[PDB]
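Visitor: Just passing along the structure, written as structure tokens.
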Amino acid sequence: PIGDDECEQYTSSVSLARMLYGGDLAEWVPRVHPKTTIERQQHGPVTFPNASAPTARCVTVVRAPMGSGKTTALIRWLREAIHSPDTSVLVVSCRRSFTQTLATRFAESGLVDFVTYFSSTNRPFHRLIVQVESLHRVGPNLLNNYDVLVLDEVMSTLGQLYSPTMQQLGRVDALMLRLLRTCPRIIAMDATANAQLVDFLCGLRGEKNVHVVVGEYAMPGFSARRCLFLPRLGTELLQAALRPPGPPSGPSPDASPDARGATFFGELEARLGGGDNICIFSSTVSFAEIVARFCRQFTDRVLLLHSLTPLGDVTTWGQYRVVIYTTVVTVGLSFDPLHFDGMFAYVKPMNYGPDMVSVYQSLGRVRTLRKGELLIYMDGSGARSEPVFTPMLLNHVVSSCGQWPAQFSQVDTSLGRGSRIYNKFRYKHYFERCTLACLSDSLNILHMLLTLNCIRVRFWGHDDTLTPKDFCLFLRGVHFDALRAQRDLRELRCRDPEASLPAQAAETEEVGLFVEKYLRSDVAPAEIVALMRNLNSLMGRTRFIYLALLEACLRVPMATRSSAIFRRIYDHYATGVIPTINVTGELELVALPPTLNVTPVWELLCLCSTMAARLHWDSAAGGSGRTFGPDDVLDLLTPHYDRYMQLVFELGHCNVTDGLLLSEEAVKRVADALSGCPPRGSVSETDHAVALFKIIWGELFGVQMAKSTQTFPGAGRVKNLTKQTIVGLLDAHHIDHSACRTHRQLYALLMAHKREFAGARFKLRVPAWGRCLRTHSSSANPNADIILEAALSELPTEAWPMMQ
Amino acid sequence: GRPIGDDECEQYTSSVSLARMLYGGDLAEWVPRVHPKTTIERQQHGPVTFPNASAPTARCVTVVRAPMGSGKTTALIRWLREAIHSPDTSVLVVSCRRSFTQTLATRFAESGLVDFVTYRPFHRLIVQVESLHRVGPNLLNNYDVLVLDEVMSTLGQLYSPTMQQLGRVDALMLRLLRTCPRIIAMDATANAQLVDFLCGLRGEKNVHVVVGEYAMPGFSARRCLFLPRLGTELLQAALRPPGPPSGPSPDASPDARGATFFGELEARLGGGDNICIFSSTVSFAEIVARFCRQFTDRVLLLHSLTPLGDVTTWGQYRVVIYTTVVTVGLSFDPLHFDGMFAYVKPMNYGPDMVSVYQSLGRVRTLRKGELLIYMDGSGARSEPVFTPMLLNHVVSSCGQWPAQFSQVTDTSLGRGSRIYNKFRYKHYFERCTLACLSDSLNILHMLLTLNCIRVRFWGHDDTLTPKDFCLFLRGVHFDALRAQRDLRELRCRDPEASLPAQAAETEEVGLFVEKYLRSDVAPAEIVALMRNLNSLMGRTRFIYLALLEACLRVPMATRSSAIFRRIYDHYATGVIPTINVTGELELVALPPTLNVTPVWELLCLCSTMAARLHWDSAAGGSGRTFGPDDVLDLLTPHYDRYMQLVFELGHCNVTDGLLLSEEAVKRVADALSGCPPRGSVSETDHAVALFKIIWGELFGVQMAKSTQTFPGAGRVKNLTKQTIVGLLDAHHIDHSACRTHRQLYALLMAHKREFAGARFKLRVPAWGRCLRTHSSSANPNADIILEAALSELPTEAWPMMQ
DNA sequence: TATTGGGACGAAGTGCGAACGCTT
DNA sequence: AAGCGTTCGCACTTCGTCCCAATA
Ligand SMILES: Nc1ncnc2c1ncn2[C@@H]1O[C@H](COP(=O)(O)OP(=O)(O)OP(O)(O)=S)[C@@H](O)[C@H]1O
Ligand SMILES: Nc1ncnc2c1ncn2[C@@H]1O[C@H](COP(=O)(O)OP(=O)(O)OP(O)(O)=S)[C@@H](O)[C@H]1O
Ligand SMILES: [Mg+2]
């Protein structure tokens, strides 16, 4: 059955997909803002207003397809809008492609230059072209006046702000809100400019001054393209091909009438066998490596491009007969020649993957396809949840003046925030990442982005039109016909020498969720696989979890003091599930068991956190920032020396071998290590203290007390002596001082006296992995875990059994 | 011996100096240093008395930091009879404590038309500040005179978990402070940050400060003595069971530093004295009662679960043990008690040293002027909180406080606006210092000393150097480490009494109440929950029910797998307390399941059908009636997967952990086996047979047959709004008679026989009704902060385009 | 059969003259 | 605008772990 809800749910899903990308702009703008005029340009390349006459409005905002001549229309308009040779202008881009292109492509203008590296002068800057992420180092030189302003891919330009790669955001936001107050004329343009951008520009220069252009033409490469969403993956034809041949008789009994739906690997076979040239988008690497291993049976001259392969220019694609690629082509350049006969795409919505806008910008990287084909498969395994674009959202968004909620719905404890610019467009980054949780919604977003570029999207069977029934009956197929095939992509998965294990590991959800919690977000997958290989062994798990608790008790200093708070930290970091790679190269989950009595662990991190602070510990910076002699080690331990001796002894043979950290192997290592320690009083304190220090750091956390070459103490080498830091090394050792004021002479004094600073020194070095945990210095955008640590350090423990 | 040197002198010197600055021990030193224009006076003889209210020298706003026991309210009577002229003059008096709401309206005889808290004409009104959200919007906008009695307590109850309309009560208080011309404020621990806040809003020249230095004999001129030893070796010999008393031992031969609590108690109680005993914990109050019962029969106990007696009931008894209940009751005035003992214990979920201080002053005058205090540091082992790094940062910055221990700045919770933000530091350092014994001890030593009482530590008759304090401190830390063993082999042993007070003191149980439950709960209903929670089925039903409510609070969790791992790992893993059948408390682990999809796919179904109902586990089960007509409409929209999961969960190949455990999967398979196949049976009757197993086995919530005469509300003794007219046209026929709601009910009394059908409601069992749920209201814990994060932050792409 | 002592190479620092930034 | 306070390119080497080949 249809189930009643599906008419309302489909029609809501399609309507919000249309609204978020501005598919309704020709109806909404003349209804809600009568003082704004709107242009529809229904044929031929786009054209802007008159570039010189006084009758044109000063703010014009353009929604116009990918591949419709927009750079040519901007060239035609900018050469006029620069009114005089003294007129000065600024151009902003999100994408790298225009920073290289526009400065090279403008021939109708002079003194134009790309992003600033070495031209710094003091100030001359006009006709500057910039990547928005780099704007912070250029801002002071702009002098805060321009006569003309241009934004292309403006929803990407205001969309870069949400990405973790932008830094010093608030000061760049405060500059963006300085240009945009219509000191210049403004032109703003995108393929998906929307109602909320037209509204926001009214909020900077009023309804009277805003003009809207809507383009509905795109080049033959797109307007003749005939996308088709297939019903079934066809892995049974893959298993007959990529594997060695099956038995001479007894094939699979299912799907004998083709299951009345053409299949991706079935259709791919025909074009490669017919001698066509072809190209293959793949949103995940694990399928890219599989379809490479398939294609070499039909045509040996395959190419494969993904984020761990080396740099290769798009001009090289003329030689190869199959080119396979992932979303790395977004930051590349268009393939302008005519070569490929058609195109295939495996799109897979998943929680840590690409947005459907990022897929659409990658499909468009080959311009003309000779037959006009394109076949897309949407793999619904891993995205089969209840929808996000509900009729409960539609009624709210359509009753309001087109304004969206800032969360999943209306509301309230929240972060500090940027300006009106950052907060106005936060709704779009939210729903671009929520909708990946559903295969409908994701399919209706992708279906919109294609249908806004004239691409005649079709399903299987339904050559022309679909009712709500026809659509809902289609997804009851691809939800099941994908899931029952998914097991094949575990058997076929690469264990050959070509296998990109660092890429195929990181693709999983379980690794994504570990990287979010424990590590720095900028780690290379190659260093995660060096870590996850250690965390398989029970000793390796133990050291990593002790070192994660040491870092947390430095970040949250209240954890060293209240026992109630340390239970909340221990339950969050040192319990649950981790991913690990076993001796075979397969990836397996491991459960970390809880412990009832955390007291023996807490007393030992409580006595190590104060001994780490005093050595300027930061595991992201390699280890201890300060060198110590053996006498300094004695001075670290001496205040609590008998208590270090007690707690190192107790963990050798605890009452119960509970949880992870007091497990049977973990207790044995410390009991073993105590056999090599000199007995108390048999050797000098400066020796016994070193012998105990090396055991408590060495077995629990794994960190070595290495020698170091530093010819003066503290953090600084001889290259970084300063007029301040010299004096501390004149006070100690009582050097004669009374020197000449000039630092050249203070250096020459110590380089004569350097023999005073002979003698042994040590430094703590962290073990190769573990140099990538999120330490106290390693700042990043807030995740849910950084919020929880900010909660523990700010809210006090309020009393329970109360007189009200 | 043990080394001390001078390394630890900064710890004491910082600790004592920060304690001083928090409670205002440096008014009339800091004021000339930082605000020279503000006038200051010292009163050192007899009662305090405020400046004349009638003269031209009646400047603006006055703040008073007079001791307890120095005549605050009588000096206010003198000042207010000079401040009130003609009856048209306008006044308001604010109190935090209940005691003045009863007292002042009864005690004022020099004035008329005065009244206590309200249950347009309003003047001479006296109010509890916890009523200000009801009272405030009914008041006139400005008054000629304003009294803030116990001001630091008045804007102190403002931080209470049960406070209402906080975002407007901050603004109401600010409006009164901004434009009332004459104001007086009177807390015995007023401080420099209240001086600064009023100097900010009214100007440095305007404010005047009164500092009291004398308090009446007996009331606040005792001889407080701290003792170094509890003396439990005497206790466990004294509480010897029947038979022989047993012989002495040579371990008693040491000097015991010359004094012990149980020794100095016994020597006076045997010597004929009548003795109160305060105890911060009930588990010690119930022991020291038994130690007196063998010496005399006239022994009371008054802990928080007993019926509260009026203090005139005391004075019959030889002993009257009590525990912080007297925070909200009247003070005992008669000269009955010879002396008094206290046991104070810093605890992370216990009462703070200012709440302990005003519990010791609830007995007023003593026949020999003595008071002996023991600080049990056994659960305050930790490193100091009042560090020199905090002292330097505060003292360098004009004495401004940082309001968190990190000294660093981003959750903008901001429930108030300005008063809430200015004073937030005080509640934070009042709770944090209970983590440590030295810092709790130096606060309590200050609060006694800044109220005239001479404080001594036993054996140090003249004065303490930092080293002398550090010797006494490490001593009493060792005493409480040893003596705590005796207090565990001794116990109440449950004479059919006080299990909830013995349970509730445990820090493991506080952690359970703040994570899962409503903070409204009494100890009595925690015990019967934790006693159920010991059974393996009980603890499985509880955690399925806790997860169902989180799936209604966070609506992304029912649709993102990455989000449901954050919720599952938090509400369904880790350690919980339980009560064993033996009558003792035991911790039990919830082990981490590797694969959660079998659970997520079930909650994803239950939290959609629970939203077709109005499910609300604190208010009932279902807020809505339903029947076998409706149950078909619950199951049939998504039936293709409901058919599998309840059967398949009973037949899984492997058992990852609790929610899929060997006991649970057999139990659900056995229960489900009574369901027919889809053949030779009614679809509705098959549907409801399945429905009772899904809800009944896994969540523990049964059906009950409807007593409602109509759908929704349907009692007939009295009518309720819209419940008749909202059904009167639902039968698709017109009555045309009348529109007045009440008398129309007779029309539905015809329809009752054709509205009829089999109708039911889900109901939550007696243990389940104290969960924190989506309909509830409370102040933010770390967990409500987390659920705001999971719902408001989207999930970023990780293997990124680097 | 008997088990370890010698060689390679990552990686963090030495020390000369110098470069950048600044204000006589 | 010459003297001058942080910071460094380059050629050199010292520490510790990996590995193997020559003994037994
Ligand atoms: N590097 C280039 N060389 C030549 N023409 C280019 C180049 N980059 C862009 N174009 C122009 O781009 C037009 C395609 O339509 P447009 O809407 O202008 O594409 P666009 O929005 O610039 O897309 P891209 O992704 O930036 S090429 C072509 O007709 C070209 O004239
Ligand atoms: N509860 C009370 N019972 C009797 N007299 C009281 C009481 N409270 C105040 N007084 C009178 O006011 C003075 C004592 O008040 P203080 O101890 O200085 O401060 P207070 O806060 O008013 O006392 P409390 O807290 O109300 S017991 C004496 O003159 C008493 O006669
Ligand atoms: Mg463009």
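Those protein sequences? They're chains A and B, same order as listed. Numbered by the authors' numbering, the letters in the first sequence go through residues 18 to 139, 145 to 433, 451 to 843 in order. Numbered by the authors' numbering, the letters in the second sequence go through residues 16 to 134, 145 to 434, 451 to 843 in order. Think of the CB as a built atom: it goes at the ideal place given N, C-alpha and C, for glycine as much as any other residue.
For the candidate residues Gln218/B, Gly720/B and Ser714/B, whose alpha-carbon lies nearest to that of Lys733/B?
Guide: Comparing Cα-Cα distances from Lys733/B to each of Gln218/B, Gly720/B and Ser714/B, the minimum goes to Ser714/B.
Visitor: Compare the C-beta of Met597/A with all C-beta atoms of chain B and state if any pair is closer than 8 angstroms.
Guide: Yes, contact with chain B.
Visitor: Tell me whether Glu155/B sits in a helix, a strand or coil according to DSSP, three-state version.
Guide: Helix at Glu155/B.
Visitor: Relative to ligand 2, is the shortest distance from any of its heavy atoms to the C-beta of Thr88/B smaller than 7 angstroms?
Guide: Yes, since a heavy atom of ligand 2 falls inside the 7 angstroms radius drawn around the Cβ of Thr88/B.
Visitor: Counting only runs of 4+ residues fully inside the stretch 641 to 700 of chain B, write out the alpha helix (DSSP H) ranges in chain order.
Guide: The stretch 641 to 700 of chain B contains these whole alpha helix (DSSP H) runs: 669 to 676 and 680 to 689.
Visitor: Compute the Euclidean distance between the alpha carbons of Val687/A and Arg17/B, then round it to the nearest angstrom.
Guide: Cα to Cα, the separation comes out at about 21 angstroms.
Visitor: With 8 angstroms set as the bound, which would you pick, yes or no: does the beta-carbon of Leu654/B sit closer than that to a beta-carbon of chain A?
Guide: Not closer than 8 angstroms to any Cβ of chain A, the Cβ of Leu654/B fails to qualify, so no.
Visitor: Let me see if you follow: with CB-CB separation under 8 angstroms, is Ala545/A close to chain B or not?
Guide: So yes, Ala545/A belongs to the interface.
Visitor: In chain B, which residues lie with their C-beta within 7 angstroms of the C-beta of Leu570/A?
Guide: What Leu570/A touches in chain B: nothing, since even the nearest Cβ is about 15 angstroms away.
Visitor: Per DSSP, what are the beta-bridge partners of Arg203/B in this structure?
Guide: Beta-bridge pairing links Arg203/B to no other residue.
Visitor: For the alpha helix (DSSP H) containing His792/B, name the first residue and the last one.
Guide: Note, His792/B: alpha helix (DSSP H), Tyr786 to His792.
Visitor: Looking only at its own chain, which residues have a Cβ that is under 7 angstroms from the Cβ of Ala292/A, when we skip the five neighbours before and after it?
Guide: None.
Visitor: Check whether the Cβ of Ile826/A lies closer than 8 angstroms to any Cβ atom in chain B.
Guide: Yes, its Cβ sits closer than 8 angstroms to a Cβ of chain B.
Visitor: Short of 6 angstroms in beta carbon distance, which residues of its chain neighbour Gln763/B, apart from the five on each side in sequence? Order them along the chain.
Guide: Closer than 6 angstroms at Cβ, skipping near neighbours: no residue.
Visitor: Near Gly192/A, what residues of its chain come up, given a Cβ to Cβ distance below 7 angstroms and the 5 sequence neighbours on each side ignored?
Guide: Excluding residues within five positions, the ones whose Cβ falls inside 7 angstroms are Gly457.
Visitor: Could you tell me whether the stretch 238 to 252 of chain B touches the stretch 396 to 405 of chain B, where touching means 3 or more Cβ pairs closer than 8 angstroms?
Guide: Judged by Cβ distances under 8 angstroms, the stretch 238 to 252 of chain B makes contact with the stretch 396 to 405 of chain B, as three or more pairs qualify.
Visitor: Interface residues of chain B around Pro632/A at Cβ under 8 angstroms?
Guide: In chain order: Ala630, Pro632 and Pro633.
Visitor: Give every residue of the same chain whose Cβ lies closer than 7 angstroms to the Cβ of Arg607/A, excluding the five residues on either side of it in the sequence, and list them in chain order.
Guide: Cβ neighbours of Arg607/A beyond the five flanking positions: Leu831.
Visitor: Between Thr352/A, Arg534/A, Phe510/A and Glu828/A, which has its C-alpha nearest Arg315/A's C-alpha?
Guide: Minimum Cα distance to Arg315/A is reached at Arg534/A.
Visitor: Compile a chain-ordered list of the residues in the stretch 418 to 433 of chain A whose CB is closer than 7 angstroms to at least one CB of chain B.
Guide: Taking 7 angstroms as the Cβ-Cβ cut-off against chain B, the residues of the stretch 418 to 433 of chain A that qualify are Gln429 and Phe430.
Visitor: Quick one: Cα of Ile494/A to Cα of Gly283/A, how far?
Guide: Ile494/A and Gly283/A: Cα-Cα distance of roughly 22 angstroms.
Visitor: Could you spell out the range, first to last residue, of the beta strand (DSSP E) harbouring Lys393/A?
Guide: Taken as a continuous stretch (DSSP letters only), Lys393/A belongs to no beta strand (DSSP E), as it is neither H nor E.
Visitor: Distance check for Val106/A and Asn216/A, CA to CA, integer angstroms please.
Guide: Looking at the two C-alpha atoms, the distance is approximately 25 angstroms.
Visitor: Less than 8 angstroms between CB atoms is the rule here; does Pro371/A satisfy it with respect to chain B?
Guide: Chain B contact via Cβ: absent.
Visitor: Could you give the DSSP three-state label for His468/B: helix, strand or coil?
Guide: Helix at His468/B.
Visitor: Output, in chain order, the set of chain B residues within a Cβ distance shorter than 7 angstroms of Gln843/A.
Guide: Result: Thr187.
Visitor: Between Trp839/B and chain A, is any beta-carbon pair separated by less than 8 angstroms?
Guide: Yes - at least one Cβ of chain A is within 8 angstroms of the one on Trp839/B.
Visitor: How is the beta strand (DSSP E) around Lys802/B delimited, first residue to last?
Guide: Counting along the chain, the beta strand (DSSP E) containing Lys802/B begins and ends at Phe801 to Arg804.
Visitor: Give me, in chain order, the residues of the same chain whose beta-carbon lies closer than 6 angstroms to that of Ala240/A; leave out the 5 immediate sequence neighbours on both sides.
Guide: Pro82, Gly84, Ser85, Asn492 and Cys493, listed in sequence order.
Visitor: Look at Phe464/A and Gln190/A and say whether their C-beta atoms are less than 8 angstroms apart.
Guide: Taking 8 angstroms as the Cβ cut-off, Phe464/A and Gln190/A do not qualify as a contacting pair.
Visitor: If you drop the 5 nearest sequence neighbours on each side, which residues of the same chain put their C-beta closer than 6 angstroms to that of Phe123/A?
Guide: Here the set comprises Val129.
Visitor: Touching or not, the stretch 20 to 37 of chain B and the stretch 516 to 536 of chain B, by the rule of three or more beta carbon pairs under 8 angstroms?
Guide: Segments in contact, no.
Visitor: On the DSSP bridge assignment, give the partners of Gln319/B in chain order.
Guide: BP columns for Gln319/B are empty, so no partner.
Visitor: In whole angstroms, what is the alpha-carbon distance linking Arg582/A and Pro273/B?
Guide: Approximately 52 angstroms, taken between the alpha carbons.
Visitor: Shortest alpha-carbon distance to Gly720/A belongs to which of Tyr680/A, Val307/A and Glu703/A?
Guide: For the residues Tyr680/A, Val307/A and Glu703/A, the minimum Cα distance to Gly720/A belongs to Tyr680/A.
Visitor: Which chain B residues sit within Cβ distance under 7 angstroms of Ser453/A?
Guide: Those within 7 angstroms of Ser453/A in chain B are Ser453 and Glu833.
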